Amino acid sequence: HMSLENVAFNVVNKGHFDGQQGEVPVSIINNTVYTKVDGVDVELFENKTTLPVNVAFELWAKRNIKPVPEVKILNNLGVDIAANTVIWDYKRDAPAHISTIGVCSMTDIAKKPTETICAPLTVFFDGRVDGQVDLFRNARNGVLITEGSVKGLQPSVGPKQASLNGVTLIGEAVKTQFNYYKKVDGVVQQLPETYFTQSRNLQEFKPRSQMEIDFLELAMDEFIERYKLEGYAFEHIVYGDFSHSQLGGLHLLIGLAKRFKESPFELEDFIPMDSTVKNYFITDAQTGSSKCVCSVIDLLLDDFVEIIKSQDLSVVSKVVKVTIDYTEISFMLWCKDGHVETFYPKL
Amino acid sequence: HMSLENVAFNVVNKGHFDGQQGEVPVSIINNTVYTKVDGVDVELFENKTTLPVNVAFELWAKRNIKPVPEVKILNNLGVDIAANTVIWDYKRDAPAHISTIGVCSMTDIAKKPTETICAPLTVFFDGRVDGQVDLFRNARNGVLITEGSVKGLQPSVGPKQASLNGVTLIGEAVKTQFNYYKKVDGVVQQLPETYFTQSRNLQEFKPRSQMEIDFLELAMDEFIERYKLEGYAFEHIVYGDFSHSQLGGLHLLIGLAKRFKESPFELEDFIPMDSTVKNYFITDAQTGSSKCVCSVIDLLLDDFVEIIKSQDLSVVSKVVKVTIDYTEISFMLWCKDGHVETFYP
Amino acid sequence: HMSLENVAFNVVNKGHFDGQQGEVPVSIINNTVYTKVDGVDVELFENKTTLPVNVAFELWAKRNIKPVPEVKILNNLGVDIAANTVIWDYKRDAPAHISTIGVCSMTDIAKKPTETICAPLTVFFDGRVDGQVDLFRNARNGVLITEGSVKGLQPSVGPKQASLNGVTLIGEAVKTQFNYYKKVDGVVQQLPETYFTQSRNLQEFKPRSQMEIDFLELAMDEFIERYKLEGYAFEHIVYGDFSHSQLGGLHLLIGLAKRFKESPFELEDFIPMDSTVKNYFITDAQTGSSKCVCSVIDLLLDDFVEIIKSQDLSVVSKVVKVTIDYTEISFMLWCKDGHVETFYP
Amino acid sequence: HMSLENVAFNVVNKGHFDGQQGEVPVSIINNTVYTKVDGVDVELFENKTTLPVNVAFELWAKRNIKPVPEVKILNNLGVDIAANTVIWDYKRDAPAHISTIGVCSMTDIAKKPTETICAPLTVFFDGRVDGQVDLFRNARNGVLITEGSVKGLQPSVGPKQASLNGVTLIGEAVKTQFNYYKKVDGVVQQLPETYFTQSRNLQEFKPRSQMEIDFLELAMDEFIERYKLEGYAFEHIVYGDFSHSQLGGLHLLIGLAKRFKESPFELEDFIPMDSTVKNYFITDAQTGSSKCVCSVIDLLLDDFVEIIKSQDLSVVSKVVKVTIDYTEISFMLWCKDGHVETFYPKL
Amino acid sequence: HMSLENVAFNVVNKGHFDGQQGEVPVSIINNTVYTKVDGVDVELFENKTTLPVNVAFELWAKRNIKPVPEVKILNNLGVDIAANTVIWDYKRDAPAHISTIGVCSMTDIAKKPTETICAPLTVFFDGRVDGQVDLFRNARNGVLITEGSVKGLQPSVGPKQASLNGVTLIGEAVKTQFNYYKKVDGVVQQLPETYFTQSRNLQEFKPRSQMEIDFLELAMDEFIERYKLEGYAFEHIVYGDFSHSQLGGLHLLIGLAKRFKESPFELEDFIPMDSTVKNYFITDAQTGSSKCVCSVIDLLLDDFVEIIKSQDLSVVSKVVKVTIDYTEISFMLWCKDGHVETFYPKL
Ligand SMILES: CN(C)CCNc1nc2cc(O)ccc2c2c1C(=O)c1ccccc1-2
Ligand SMILES: CN(C)CCNc1nc2cc(O)ccc2c2c1C(=O)c1ccccc1-2
Ligand SMILES: CN(C)CCNc1nc2cc(O)ccc2c2c1C(=O)c1ccccc1-2
Ligand SMILES: CN(C)CCNc1nc2cc(O)ccc2c2c1C(=O)c1ccccc1-2
Ligand SMILES: CN(C)CCNc1nc2cc(O)ccc2c2c1C(=O)c1ccccc1-2
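This paragraph deals with the overall build of chain B. A tally of helices and strands in chain B yields nine helices and 21 strands. Reported as C-alpha extents along the three principal axes, the dimensions of chain B are approximately 70 × 55 × 35 Å. Expressed as a percentage of its 345 residues, the buried residues of chain B come to 54%. Put simply, 48% of the contacts in chain B that link residues at least 6 apart link residues at least 24 apart. With 33 positive and 46 negative side-chain charges, chain B shows a separation of 5 Å between the mean positions of the two kinds.

This part takes up a nonpolar patch on the surface. Residues and elements named next belong to chain C. A cluster of nonpolar residues, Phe270, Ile271, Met273, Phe281 and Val293, forms a patch on the protein surface that exposes about 410 Å² of accessible area. Note on placement: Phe281 falls in strand β17 (residues 278-284). Since its relative accessible area comes to 32%, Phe281 is described here as partly exposed.

With an axial shift of 0.0 Å and an RMSD of 0.0 Å, the rotation relating chain A to chain D amounts to 120°. Seen this way, the second copy is the image of the first under a three-fold rotation axis. Taking C-alpha positions as the reference, the residue of chain A nearest the rotation axis is A:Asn30, at 5.3 Å.

Note: interface size is frequently given as the accessible area lost on complex formation between the parts. Facing 29 residues of chain A, the contacting portion of chain D comprises 29 residues. Buried area between chain A and chain D, summed over both chains or domains, comes out near 2,200 Å², and the portion from carbon and sulfur atoms is 59%. If you look at where chain A meets chain D, you find one salt bridge. The salt bridge partner of A:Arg63 is D:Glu268, with a shortest N-O separation of 3.6 Å. Here chain A is connected to chain D by nine residue pairs in polar contact. Residue assignment for the side of chain A that touches chain D shows that the elements contributing at least two residues are α1 (4-14), β2 (32-37), β3 (40-46) and β13 (167-169) of chain A. Top contributing element to the side of chain A that touches chain D by residue count: β3(A), with five residues.

Turning to the site of ligand 1, a few remarks are in order. Residues and elements named next belong to chain A. As a matter of local geometry, ligand 1 sits amid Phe205, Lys206, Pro207, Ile213, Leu216, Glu217 and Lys261. Within the side chain of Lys206, an N or O atom sits 2.6 Å from an oxygen atom of ligand 1. For ligand 1, the accessible surface in isolation is 550 Å², of which the surrounding protein chains cover 49%. Top element by residues in the shell around ligand 1 is helix α5 (residues 210-217). It accounts for three residues.

Conventions we followed
- Residues numbered from 1 in each chain as written, not as in the entry; some residues may be left out.
- Chains lettered and ligands numbered in written order.
- Part of a larger assembly, values for the part shown.
- Heavy atoms only, no water.
- Helix = DSSP H or I, 4+ residues; strand = E, 2+ residues; numbered from the N terminus.
- Buried < 20%, exposed > 50% of the residue type's maximum accessible area, 1.4 Å probe, protein only.
- Contact = heavy atoms within 4.5 Å.
- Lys, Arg positive; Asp, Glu negative; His and termini not counted.
- Charge placed at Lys NZ, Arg CZ, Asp CG, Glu CD.
- Patch = residues over 30% accessible without salt bridge, like charges linked within 9 Å, V, L, I, M, F, W, Y side chains within 5 Å.
- Areas by Shrake-Rupley, 256 points an atom, 1.4 Å probe, with all protein chains shown as cover.
- Salt bridge = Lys/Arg side-chain N within 4 Å of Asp/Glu carboxyl O.
- Least-squares fit on C-alpha atoms.
- Buried area = accessible area lost by both parts, 1.4 Å probe.
- Polar contact = N/O pair within 3.5 Å; in protein donor to acceptor, adjacent residues only side chain to side chain.
- Near = heavy atom within 4 Å.

What follows is the structure, given as structure tokens:
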């Protein structure tokens, strides 16, 4: 007996859908779900999705509450749909996938991922759930995560971090680093060598290497000296140039983090979604320096240094391709007289 | 297991809530309830009430589908709430009463009408349902209908007509004339002698007496002659005067019906609810004669004639009170030289 | 003390805003205004405009309830705004003009039409209201209607019909034919000689000449013979050709009216507004003949005949300009071998 | 002349409804009330209630702007409705009570609390308003607060704190500790002995005893030693256990406060209302330890210690009842071998 | 080819409308504009205006992204409309002006400011845009800003600060101090001598003089001694009196800033718009002292001192007028025995 009232009962009593029997009184108004508690209405859910309020509510209640891959990873791997779960996208406050399998009568295209309607879709399978490894083996198109070895399959080791209830973290009490596998048209793929973004935020940025600690602590000139980064235009690319009306560079999150601690600025996230590369409209409050489209990526600084030090610097401009989060990211490299002028990603 | 999806299953399979088990998929968008049929969304309900969409839906699904009193009667008798049913008001496309008893978890103030929260409210009880006569006897404030006698309780014979799924009718396959009873502060009240309005509509108006047939068929002068209605200003009150920019008279539905057949006009129902007396903004399409507030009542013409012929006509202006549909309706009577000038509710 | 609650009190008690003091309880939900009557919510107004619900409500309550020019006339004369009234557009269920003068604190650009903000706008003035003729004289841009002469001002006699509470009519109890005047940049303009459209509707179409009676009663061939309309392609233009997948002709309302009586069809009014020329998507239910854009005008047939009989027919194709409802309507005239092929607005 | 426009005039000119004459222009759209200022629309109110926008607006404008009991107290005492005021619930952004008396034509069931429609309802009366003590004496069902003695009536001394415009505070410039009285079916009640919750928040938590200061300053083991709390499982119940995927314990706000200062975590308030016991879905960002339903109460630590030290510890599991904020709160006590395993409230 | 989809393409690709050709898929729901990215809907804009969602979206996309005068300045100067730009009001999240010129087919009253429909309106002209100085010269009613001299016209030097993408700042990489000019009925006006508000915020308040540094650092009594402010009731007006239920004084932002650092309080901005004088409902969390209408202005403290020291103190009460931000602000001055009692602005 699946129902709006039963979903609400679960949310009230268990914090999420947990398959318990029961009903509470519910009111729907203003894209909002309320329940009655002691004669008054209490908000349980505000719909921010493009689905009907009651459907969005159910999908949210049925969200995966274990560590799951960040949505940017799933997107980059071509995932269309999940087997028997909902990946909730906390960046969009909406389901990561528009359809479901065995979750919700209004969004389900199928009850089981083996139905032929699923064949053309890349289905996400979670090896931590009994039976899902086998379903991946039978699926035409799919992506699988596991915590350990799968007999016969070569793994790709994924990022250290995963999302738990919208908190991106590196697990200590729980495992967040998965093995990844992928199948296309019934054939297992070799996933490419890749860097991974670090998924940090501007304000509570934690360094993850000695070089990052050095970057944060040292002044610009000493850092560049120590790591012998002369000619790589770090002053521009990483630290940023706030001297002109158009803000120069500032393409690495760690650089934004450093600046923010010194002097606050505004970041407009004008396409608010999870992605490997983010585009921001930045206004520096101290100087008035601004830029409409500032491309930003959170690479470990050491990774960024490896990338820029692995390029030929003998041409004015060219596109540099880098596998990051399993996708091909295009960077523009501008050089002059054998040194870098700038280097930035394209979204 | 009451639920949105179960209510929808009942509506889809049984046409209304009928206590069947089952669920269908539902989508709610704005004020509309949809169900999925073969991959597409089909509208089941558009909310026109001031309640939440899913609540209004349930109340509508649980509406009484037997003949029930017209809402104007219930309102006139001071009914606040119904015991274990929903009276759906088809004039408002909304519940007649905002709260319920034993119907819906979101609107219920009680599960049974004996709870002390119900004591100050006038609860409607339906004697056709087992147990409800006894509940009326124990209730402090209430209105009861029955199809037959209740031992010891003095009845008031109600209107001939009732509402069945929003159709007002005089039943042949079903009974629509009830006995009425009322209690206030624990004490049974004597309901007053009353006329009843006829609940007809302008376009499909059916006469219900020889006098009404005569009114519709005969020209003004011969009708007035035959029923000896000289000096009662029927030409004004009933037929209406369309000769000036302000429309004169036209206070009886039958008069509106006659004119409508001859020449169409616009009626704006600017307070769209069920009531004994209705107010309309009328514009006559043929002449341009109009009036912002035209008070209209559907009395049997014979009843209207009895009322107006039972007045003293020796005073310029006077308020005349008449019990109709159990309520006191005030009429203004204007006279001059021993004849009526006008008479309107 | 202007207020939502006071507007509602007026609507409830007087049918429209009438400047009475008082308040009733009001609820606003989405785009609907409700008032509380005996414990329940009754709808007073559903907002179909692009204004805020409470503002649209007030403008509607303050609508002009006298005969006023049809909106198509006001639009054709370039009217931007009204002085101290609201012209309600019943075709759009919205105000004819987005701003007001001396009506409503939320929409007013001025309290009096003499304020300099009004100077660039063509302000509508109603000579039936004290002071408005004088305001027109002082206004830089304006349109004036009156029921009689204004000393020194050369009149244009307007259409016979006007709109009274959304009913287009030729007044008998009230005057609906106005004199018109217009000023541009401080200078009175000579309004052109014009035909007027008749503002009839498909279903309740009434002929207004012997020729129109003949058209409706006679078969095609005898009508054309009697009025000697050979070579003017009336069979195409007026009667319509339903023989092919694309519907031919059918550009006069009277022709639509005749066919509708014989055999129903669908008309999609895909730009639902008042205008001199209307465009419809027509599907003929009997034959399946259809046309996405069928241009239709309601001219008195006699006027249409005068127009088409006053053309030179020696050129293949030509634009014919005709003043109708004070605006220049372009017609395409297609000829071949000295006869008309088609003629449409 | 009560009206939408008059309410708006009061809000604009006086900050709340204050009975002044006047009108401003108002627009209603999008569950929002706007007023026109110099040719442009300014938002005055966004409706988050289940009432009509214009009605919610009026009730909010007519909210009590003196210190008033927290809603959890009023709820716990069975209050249904207030006499001649509106208690605004700032946790729900809505009226605490669905009906009114002498406030608003759309919500009023009565103009005076003596009308017989009020008899079955528990009416809240404020002794600081002239006449209300007498109205309580005549009422069948009611709750009364005063600042001082009422002849003949034994008081219950309420919490130190009250709510002033949604700020919970202990008054210095104003009195916030009331005497409470209650009547049921025309009979004055003896209110029970009760603990009170402290109504603090996680981030700006202020200790209110030496023991709380000690808890915040000292490390776990020294605190437990000093207050001789061995065997009471404080390490679990108060400090929390973040070592496993399921977060253990953490049922006292002060424990949450301590952890939060050390290491931030996410709290989902999935039933956002005022209540003595709160249920949160917690995700610890550092470890990945989480729990869907973590029951949390803000008792003075000394009170909590008194409660746990006043229990028999000789049974595996049982329900412990405690009067808090005038209501009976059920706790589960789990023991083993004469020591506590865990102890937590139920909502 | 102007269109919803083209506006969205510009927002996605350029961060704002920049005249680029292209279209993306768009969904409109819930006063919200979404675009489709890789099979899912991403929010681009939430309409908080009283305009249609798609129109508000376009105006926002076409907002001026250079430093522009704060809206309070434009309002104070009587500006009705802007020539060929949109001034976005970030305080209201809406256009500063209801109509446009040469911006948007749905809001335009004209394509060029020379059309006669514009004659009665005060049109804002930006001298940094080619041709606009000349348009001001031909306009009947207008306000002009420039960065430098205009031949023949005497300038008024405006505030140091301007708004850049909703960030009020004093430019270093960009110019934010403009020359102002104004025309009424075809005649150039002499703008009055004026003080300017400083446009700071409570939490990140930066002093801009030695006196302000002293105010923030020194205790009350020493500050008053040093600047010889005895008898001017600074203890009341600037510092505030929290000793009674009604909060006394506290009319200068710097005073609020000082208090806030010591002890947080609640400020309800009940008319949320840009204005020279702001009215707040204040509740002090520490004491419970409150006031429904607390008028607050951010004057440089030195300016405030000059103003109060330039008044006659020999009458009980009177209105003091002060030109601030080009408008006449009325203050009430209350005196007794030759000293100030209080002094506060009226909104
Ligand atoms: C264990 N280490 C490898 C990294 C620990 N270092 C830091 N952790 C932080 C954690 C935070 O939540 C915020 C700032 C932090 C900072 C460091 C630094 O080394 C550092 C240097 C300069 C500014 C901030 C931090
Ligand atoms: C049993 N009789 C007393 C009523 C039968 N007479 C009529 N029935 C009608 C039923 C309809 O559905 C519509 C019009 C009706 C009319 C009569 C009339 O006698 C009469 C006279 C003039 C106009 C209409 C009707
Ligand atoms: C005063 N006369 C010029 C007009 C009277 N003639 C008609 N009046 C009608 C009034 C209606 O409400 C509906 C149809 C009508 C028709 C006529 C006709 O002559 C005629 C011919 C063919 C069809 C309908 C009508
Ligand atoms: C007057 N005393 C009884 C209590 C004063 N002590 C504290 N007040 C605080 C007020 C705040 O707004 C935030 C943290 C506070 C803290 C104390 C502590 O003693 C303490 C110890 C460890 C961390 C925070 C605080
Ligand atoms: C360059 N000087 C003229 C001003 C620099 N002084 C300050 N800047 C601040 C910038 C901030 O973002 C926040 C607080 C600040 C404070 C000062 C002070 O002098 C001061 C004194 C007491 C409290 C805060 C500040």
